[PDB]
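Written below as structure tokens is the structure these notes are about.
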Amino acid sequence: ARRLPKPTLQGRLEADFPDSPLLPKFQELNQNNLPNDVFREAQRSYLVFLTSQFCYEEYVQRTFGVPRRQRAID
Amino acid sequence: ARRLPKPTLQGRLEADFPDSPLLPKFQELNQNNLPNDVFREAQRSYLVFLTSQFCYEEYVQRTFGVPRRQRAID
Amino acid sequence: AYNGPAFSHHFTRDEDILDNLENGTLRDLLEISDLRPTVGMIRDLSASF
């Protein structure tokens, strides 16, 4: 019926660091169905998911075939 | 009846190293008398047999005469 | 012997083998073992075949 208390998490990351990618990957959300106090959680859970896809993608970018075969030319 | 499965052995080392002196001693096998995969692993095994030949040949002329007097004169 | 640095014979002896080999079975075989045999002393392991 209920859950666990939410963390404190001081600081807004979008308002200080603006040169991050996936910035047009953010506005495909609804706003007239839910108020702002629950859309804050619907946005926070989305941003961790977005950077989780991004960091997972660069992880498998590293850890696919880890060295380079064509590097032996130089 | 069967053997072990094959290890990974990614890419091609013929298509990376143009400075191999064994490269003329490689293409003396025929393609059309067998399918592609067994011919591929046959080129793998022939390449590593030539690499073993070259490794033993650069060893056995090395450690036969690793001391010499002619450098030791001047 | 189908690995990178032991096949070239112009990558020299007294260097690391972990940096210049590809992600073959020797690569993850040498990760969990974690030893650093140089190139050239792996060449006679190739040469015994």
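Quick note on naming: the chains in the structure tokens go A, B, ... in the order shown, residues restart at 1 in each chain, and ligands are numbered from 1 in order of appearance.
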
Would you kindly return, as an mmCIF file with N, CA, C and O atoms, in the first residue's frame, each protein, DNA or RNA residue with an atom no farther than 12 Å from any atom of range 37-49 of chain A, considering only C-alpha atoms and excluding same-chain residues fewer than 2 positions away?
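Ended up saving to out05.cif:
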```cif
data_model
loop_
_atom_site.group_PDB
_atom_site.id
_atom_site.type_symbol
_atom_site.label_atom_id
_atom_site.label_comp_id
_atom_site.auth_asym_id
_atom_site.auth_seq_id
_atom_site.Cartn_x
_atom_site.Cartn_y
_atom_site.Cartn_z
ATOM 1 N N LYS A 6 12.114 8.332 0.239
ATOM 2 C CA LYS A 6 12.906 8.755 -0.912
ATOM 3 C C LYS A 6 14.206 9.404 -0.451
ATOM 4 O O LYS A 6 14.232 10.020 0.618
ATOM 5 N N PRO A 7 15.300 9.284 -1.204
ATOM 6 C CA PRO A 7 16.570 9.876 -0.767
ATOM 7 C C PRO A 7 16.544 11.394 -0.847
ATOM 8 O O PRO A 7 15.644 12.003 -1.428
ATOM 9 N N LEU A 9 19.161 13.748 -2.007
ATOM 10 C CA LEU A 9 19.614 14.021 -3.379
ATOM 11 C C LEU A 9 19.647 15.516 -3.692
ATOM 12 O O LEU A 9 18.924 16.016 -4.554
ATOM 13 N N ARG A 12 20.307 20.036 -8.445
ATOM 14 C CA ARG A 12 19.689 19.753 -9.733
ATOM 15 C C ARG A 12 20.781 19.762 -10.796
ATOM 16 O O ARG A 12 21.482 20.761 -10.974
ATOM 17 N N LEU A 13 20.899 18.649 -11.514
ATOM 18 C CA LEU A 13 22.008 18.437 -12.431
ATOM 19 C C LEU A 13 21.789 19.084 -13.793
ATOM 20 O O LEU A 13 22.764 19.380 -14.494
ATOM 21 N N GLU A 14 20.535 19.316 -14.180
ATOM 22 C CA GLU A 14 20.244 19.937 -15.465
ATOM 23 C C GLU A 14 20.506 21.439 -15.447
ATOM 24 O O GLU A 14 20.668 22.050 -16.511
ATOM 25 N N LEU A 22 22.057 13.580 -25.140
ATOM 26 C CA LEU A 22 20.687 13.061 -24.949
ATOM 27 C C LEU A 22 19.705 14.130 -24.467
ATOM 28 O O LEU A 22 18.719 13.831 -23.790
ATOM 29 N N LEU A 23 19.937 15.384 -24.861
ATOM 30 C CA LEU A 23 19.082 16.506 -24.477
ATOM 31 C C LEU A 23 17.770 16.573 -25.274
ATOM 32 O O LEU A 23 16.742 16.921 -24.679
ATOM 33 N N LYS A 25 16.443 13.827 -26.065
ATOM 34 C CA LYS A 25 15.894 12.560 -25.601
ATOM 35 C C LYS A 25 15.142 12.696 -24.282
ATOM 36 O O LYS A 25 15.067 11.729 -23.516
ATOM 37 N N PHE A 26 14.582 13.871 -24.003
ATOM 38 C CA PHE A 26 14.006 14.170 -22.700
ATOM 39 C C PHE A 26 12.564 14.653 -22.741
ATOM 40 O O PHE A 26 11.849 14.470 -21.747
ATOM 41 N N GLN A 27 12.108 15.254 -23.838
ATOM 42 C CA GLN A 27 10.834 15.965 -23.861
ATOM 43 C C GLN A 27 9.666 15.128 -24.369
ATOM 44 O O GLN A 27 8.610 15.697 -24.664
ATOM 45 N N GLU A 28 9.808 13.809 -24.479
ATOM 46 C CA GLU A 28 8.735 12.963 -25.004
ATOM 47 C C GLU A 28 7.869 12.426 -23.860
ATOM 48 O O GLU A 28 7.563 11.235 -23.756
ATOM 49 N N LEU A 29 7.429 13.351 -23.008
ATOM 50 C CA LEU A 29 6.672 13.009 -21.811
ATOM 51 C C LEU A 29 5.362 13.784 -21.765
ATOM 52 O O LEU A 29 5.220 14.843 -22.383
ATOM 53 N N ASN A 30 4.406 13.234 -21.023
ATOM 54 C CA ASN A 30 3.122 13.875 -20.785
ATOM 55 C C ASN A 30 3.173 14.740 -19.531
ATOM 56 O O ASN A 30 3.948 14.476 -18.611
ATOM 57 N N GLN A 31 2.353 15.790 -19.507
ATOM 58 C CA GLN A 31 2.330 16.711 -18.376
ATOM 59 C C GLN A 31 0.938 17.075 -17.888
ATOM 60 O O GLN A 31 0.814 17.553 -16.754
ATOM 61 N N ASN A 32 -0.107 16.874 -18.692
ATOM 62 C CA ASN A 32 -1.445 17.273 -18.280
ATOM 63 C C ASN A 32 -2.208 16.159 -17.572
ATOM 64 O O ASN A 32 -3.320 16.403 -17.093
ATOM 65 N N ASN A 33 -1.646 14.953 -17.489
ATOM 66 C CA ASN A 33 -2.293 13.869 -16.761
ATOM 67 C C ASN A 33 -1.928 13.833 -15.282
ATOM 68 O O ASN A 33 -2.763 13.429 -14.466
ATOM 69 N N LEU A 34 -0.710 14.239 -14.916
ATOM 70 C CA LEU A 34 -0.234 14.116 -13.547
ATOM 71 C C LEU A 34 0.288 15.462 -13.069
ATOM 72 O O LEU A 34 0.829 16.229 -13.881
ATOM 73 N N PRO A 35 0.146 15.783 -11.770
ATOM 74 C CA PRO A 35 0.723 17.032 -11.248
ATOM 75 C C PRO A 35 2.244 17.002 -11.163
ATOM 76 O O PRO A 35 2.875 15.986 -11.469
ATOM 77 N N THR A 51 20.521 7.737 -18.494
ATOM 78 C CA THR A 51 21.956 7.607 -18.300
ATOM 79 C C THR A 51 22.373 6.164 -18.049
ATOM 80 O O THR A 51 23.533 5.827 -18.292
ATOM 81 N N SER A 52 21.447 5.294 -17.641
ATOM 82 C CA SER A 52 21.770 3.882 -17.507
ATOM 83 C C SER A 52 21.899 3.223 -18.869
ATOM 84 O O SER A 52 22.822 2.430 -19.083
ATOM 85 N N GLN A 53 21.000 3.558 -19.808
ATOM 86 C CA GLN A 53 21.182 3.113 -21.188
ATOM 87 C C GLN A 53 22.462 3.665 -21.791
ATOM 88 O O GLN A 53 23.180 2.943 -22.490
ATOM 89 N N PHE A 54 22.780 4.930 -21.505
ATOM 90 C CA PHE A 54 23.965 5.551 -22.096
ATOM 91 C C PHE A 54 25.257 4.933 -21.559
ATOM 92 O O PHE A 54 26.162 4.582 -22.333
ATOM 93 N N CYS A 55 25.341 4.753 -20.242
ATOM 94 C CA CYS A 55 26.527 4.157 -19.652
ATOM 95 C C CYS A 55 26.616 2.666 -19.956
ATOM 96 O O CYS A 55 27.721 2.143 -20.122
ATOM 97 N N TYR A 56 25.478 1.979 -20.086
ATOM 98 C CA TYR A 56 25.495 0.579 -20.498
ATOM 99 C C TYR A 56 25.965 0.440 -21.939
ATOM 100 O O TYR A 56 26.692 -0.506 -22.277
#
```

Return chain B as a JSON list (two decimals) with C-alpha atoms, in the first residue's frame, after superposing it on chain A by a least-squares fit that covers all C-alpha atoms paired in order.
```
[["chain", "number", "residue", "atom", "x", "y", "z"],
["B", 1, "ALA", "CA", -0.25, 0.17, 0.39],
["B", 2, "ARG", "CA", 3.04, 2.07, 0.75],
["B", 3, "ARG", "CA", 6.70, 2.09, -0.25],
["B", 4, "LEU", "CA", 10.00, 3.40, 1.07],
["B", 5, "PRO", "CA", 10.52, 7.14, 1.56],
["B", 6, "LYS", "CA", 12.53, 9.05, -0.99],
["B", 7, "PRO", "CA", 16.28, 9.80, -0.80],
["B", 8, "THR", "CA", 17.59, 13.38, -0.91],
["B", 9, "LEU", "CA", 18.84, 13.89, -4.53],
["B", 10, "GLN", "CA", 19.45, 17.60, -4.16],
["B", 11, "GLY", "CA", 19.09, 20.11, -6.96],
["B", 12, "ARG", "CA", 18.68, 19.45, -10.65],
["B", 13, "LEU", "CA", 21.19, 17.79, -12.96],
["B", 14, "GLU", "CA", 19.34, 18.93, -16.07],
["B", 15, "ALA", "CA", 19.87, 22.52, -14.91],
["B", 16, "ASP", "CA", 23.60, 21.95, -14.45],
["B", 17, "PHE", "CA", 24.92, 19.90, -17.39],
["B", 18, "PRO", "CA", 24.28, 21.44, -20.83],
["B", 19, "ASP", "CA", 26.67, 18.96, -22.50],
["B", 20, "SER", "CA", 24.56, 15.85, -22.10],
["B", 21, "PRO", "CA", 23.75, 14.08, -25.38],
["B", 22, "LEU", "CA", 20.69, 12.51, -23.73],
["B", 23, "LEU", "CA", 19.07, 15.95, -23.23],
["B", 24, "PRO", "CA", 17.00, 15.63, -26.47],
["B", 25, "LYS", "CA", 15.81, 12.20, -25.31],
["B", 26, "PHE", "CA", 14.40, 13.66, -22.09],
["B", 27, "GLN", "CA", 11.46, 15.98, -22.76],
["B", 28, "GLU", "CA", 9.09, 13.37, -24.26],
["B", 29, "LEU", "CA", 6.87, 13.33, -21.15],
["B", 30, "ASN", "CA", 3.84, 15.48, -20.39],
["B", 31, "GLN", "CA", 3.22, 17.81, -17.47],
["B", 32, "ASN", "CA", -0.52, 18.55, -17.24],
["B", 33, "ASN", "CA", -1.78, 14.97, -16.74],
["B", 34, "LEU", "CA", -0.22, 14.66, -13.27],
["B", 35, "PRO", "CA", 0.79, 16.92, -10.34],
["B", 36, "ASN", "CA", 4.22, 18.44, -9.84],
["B", 37, "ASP", "CA", 5.95, 16.09, -7.38],
["B", 38, "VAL", "CA", 5.24, 12.77, -9.10],
["B", 39, "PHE", "CA", 6.26, 14.41, -12.38],
["B", 40, "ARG", "CA", 9.47, 15.58, -10.71],
["B", 41, "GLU", "CA", 10.39, 12.10, -9.48],
["B", 42, "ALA", "CA", 9.33, 10.73, -12.86],
["B", 43, "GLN", "CA", 11.90, 13.00, -14.52],
["B", 44, "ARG", "CA", 14.40, 11.74, -11.93],
["B", 45, "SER", "CA", 13.70, 8.10, -12.76],
["B", 46, "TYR", "CA", 13.64, 8.69, -16.51],
["B", 47, "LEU", "CA", 16.96, 10.54, -16.29],
["B", 48, "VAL", "CA", 18.64, 7.73, -14.41],
["B", 49, "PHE", "CA", 17.14, 5.17, -16.79],
["B", 50, "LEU", "CA", 18.72, 7.06, -19.68],
["B", 51, "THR", "CA", 21.97, 7.25, -17.72],
["B", 52, "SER", "CA", 21.84, 3.47, -17.27],
["B", 53, "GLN", "CA", 21.13, 3.12, -21.00],
["B", 54, "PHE", "CA", 24.12, 5.30, -21.86],
["B", 55, "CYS", "CA", 26.39, 3.57, -19.35],
["B", 56, "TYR", "CA", 25.56, 0.10, -20.65],
["B", 57, "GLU", "CA", 25.84, 1.29, -24.24],
["B", 58, "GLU", "CA", 29.26, 2.81, -23.71],
["B", 59, "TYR", "CA", 30.26, -0.36, -21.87],
["B", 60, "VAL", "CA", 29.02, -2.93, -24.34],
["B", 61, "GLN", "CA", 30.71, -1.34, -27.32],
["B", 62, "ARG", "CA", 33.86, -0.92, -25.23],
["B", 63, "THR", "CA", 34.44, -4.38, -23.78],
["B", 64, "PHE", "CA", 33.32, -6.21, -26.91],
["B", 65, "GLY", "CA", 36.38, -4.94, -28.75],
["B", 66, "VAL", "CA", 38.89, -3.56, -26.22],
["B", 67, "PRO", "CA", 41.67, -5.22, -28.26],
["B", 68, "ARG", "CA", 42.00, -4.09, -31.87],
["B", 69, "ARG", "CA", 44.54, -4.78, -34.61],
["B", 70, "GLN", "CA", 44.20, -1.57, -36.64],
["B", 71, "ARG", "CA", 45.83, 0.58, -33.96],
["B", 72, "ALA", "CA", 48.33, -2.27, -33.51],
["B", 73, "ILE", "CA", 49.55, -1.99, -37.11],
["B", 74, "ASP", "CA", 51.05, 1.50, -36.99]]
```

*If you run DSSP over the backbone, which residues in chain B end up alpha helix (DSSP H)? Put them as a list in words.*
residues 36, 37, 38, 39, 40, 41, 42, 43, 44, 45, 46, 47, 48, 49, 50, 51, 52, 53, 54, 55, 56, 57, 58, 59, 60, 70, 71, 72 and 73 of chain B

How would the residues just picked look written out with C-alpha atoms as a compact mmCIF listing (two decimals), in the first residue's frame?
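Result saved to again_21.txt:
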```txt
# COMPACT_ATOMS: atom_id res chain seq x y z
CA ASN B 36 34.29 -22.33 -46.86
CA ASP B 37 34.47 -23.03 -43.11
CA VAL B 38 36.81 -26.03 -43.16
CA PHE B 39 39.00 -24.11 -45.62
CA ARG B 40 38.96 -21.16 -43.21
CA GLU B 41 40.10 -23.24 -40.24
CA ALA B 42 42.60 -24.97 -42.53
CA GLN B 43 44.15 -21.57 -43.29
CA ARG B 44 44.15 -20.95 -39.53
CA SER B 45 46.00 -24.20 -38.81
CA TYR B 46 48.42 -23.76 -41.70
CA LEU B 47 49.20 -20.22 -40.56
CA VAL B 48 49.97 -21.31 -37.03
CA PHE B 49 52.03 -24.23 -38.32
CA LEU B 50 54.13 -21.76 -40.31
CA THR B 51 54.34 -19.53 -37.23
CA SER B 52 55.62 -22.52 -35.26
CA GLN B 53 58.11 -23.23 -38.06
CA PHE B 54 59.34 -19.64 -38.00
CA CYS B 55 59.49 -19.53 -34.20
CA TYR B 56 61.53 -22.72 -33.95
CA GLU B 57 63.75 -21.61 -36.83
CA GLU B 58 64.50 -18.26 -35.26
CA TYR B 59 65.10 -20.06 -31.97
CA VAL B 60 67.37 -22.83 -33.17
CA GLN B 70 83.70 -12.02 -33.82
CA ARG B 71 81.67 -9.34 -32.07
CA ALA B 72 83.92 -9.93 -29.04
CA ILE B 73 87.05 -8.92 -30.98
```

*Between CA of residue 17 in chain C and CA of residue 29 in chain C - distance in Å to one decimal*: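 About the pair CA of residue 29 in chain C and CA of residue 17 in chain C: they are 12.8 Å apart.
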
*Return as a list in words the residues belonging to chain C that are within 9 Å of chain A, counting only C-alpha atoms.*
residues 4, 5, 19, 20, 21, 22, 23 and 24 of chain C

*Quick one, how far is CA of residue 33 in chain C from CA of residue 10 in chain C?*
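CA of residue 33 in chain C sits 26.3 Å away from CA of residue 10 in chain C.
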
*By how many Å are CA of residue 43 in chain C and CA of residue 31 in chain C apart?*
19.2 Å
